[PDB]
């Protein structure tokens, strides 16, 4: 089921989960359990993450298929970094032909260290280019999506620039967008108004991550340039050594974030689960989104 159509016909908002393809049998088993626990909430879509450089190629496809057989609806991430144009098309073809209908077109970061983006000698440079390619080969047979950044991409010269670019990418052929994570809703509302004023009208879904680790939260935000509210930061720091206390703080945080997000009429919420179920499960249950 195309997400363009899922969004149009919405009786209500769409809740989606994000997962990454496990590196080892353990993780594979942790994911199987996670999907079981979560498929109960009846998500509109389910994302399968993609290793930049295309290292995890056959995993991402396998799991795209693993979710299909659970009767859920997959969203295939696809990046352009470290890959030829053929190589990017080949795996797109591999998705479509696995029956996948929904694609997040992403560029991907540069590797560890390495501060600037240099493409493959025959690869793409921007996500807008993969979106363009998708529409050119598949038109509307697939629903394409992209990344938005409420607090701006950490590489961008300005916020002016970051948004003009977001717009170019939408004009390339996006049907929706999902945001990078954010912990205070002003950041989303902020961006949404600024986008709509730029005459960008596609559905823009907030991405939410329920905090489960002080160390991870710090390390994640350092990479993607998101900011942690000072009260949350201190709360977490005071309790960082007690994993079940942290889980409760991250949940209470998400619950109250998501509750206003719903009250404000967002089209849906995309959940960064990190392949675990307790946090997202608890958030949804407290919101009354009843199994």
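Just so we're on the same page, rigid core means the largest C-alpha set that superposes within 1.5 Å between forms. Residue numbers count along the first chain shown, from 1.
- Query: When the other structures are laid on this one by the rigid core, do the CA atoms of 214-222 or of 137-145 sit farther away in 4 other deposited structures of this protein?
  - Reply: Farther from the shown form on average in 4 other deposited structures of this protein: 214-222.
- Rigid core superposed, root mean square over structures and residues, which stretch has C-alphas farther from this form in 4 other deposited structures of this protein, 252-260 or 228-236? Once the core is superposed, the stretch further away in 4 other deposited structures of this protein is 228-236.
- At least a third of the other entries leave residue 114 unmodelled: Result for residue 114: often missing, at least a third of the compared entries.
- Item | Greater mean Cα temperature factor according to the PDB record, 23-31 or 59-67 | In the deposited entry, the stretch with the higher C-alpha B-factor mean is 23-31.
- Can you tell me which stretch has the higher mean Cα B-factor, 184-192 or 212-220? 212-220 has the higher mean C-alpha B-factor.
- Item | 137, 94, 169, 107, ranked by C-alpha B-factor: the highest one | In this record, 137 carries the highest C-alpha B-factor of the candidates.
- Task: Name the residue from 10, 276, 270, 281 with the greatest C-alpha temperature factor listed in the entry.
- Result: Largest recorded C-alpha B-factor: 10.
- Item | Lowest, middle or highest third - CA B-factor, residue 241 | For residue 241, the deposited C-alpha B-factor lands in the highest third.
- Would you mind ranking residue 99 by its C-alpha B-factor against the rest of the chain and naming the third, lowest, middle or highest? Within its chain, residue 99 is a middle-third residue by C-alpha B-factor, going by the deposited values.
- Looking at the entry's B-factor column for C-alpha atoms only, identify whether residue 124 ranks in the lowest, middle or highest third of its chain. Middle third - that is where residue 124 ends up once the chain's C-alpha B-factors are sorted.
- Considering only modelled residues of the same chain, in which third does the CA B-factor of residue 162 rank: lowest, middle or highest? It falls in the middle third of the chain.
- Task: Name the third of the chain's ranked CA B-factors that contains residue 37, choosing lowest, middle or highest.
- Result: According to the entry, residue 37 has a C-alpha B-factor in the chain's highest third.
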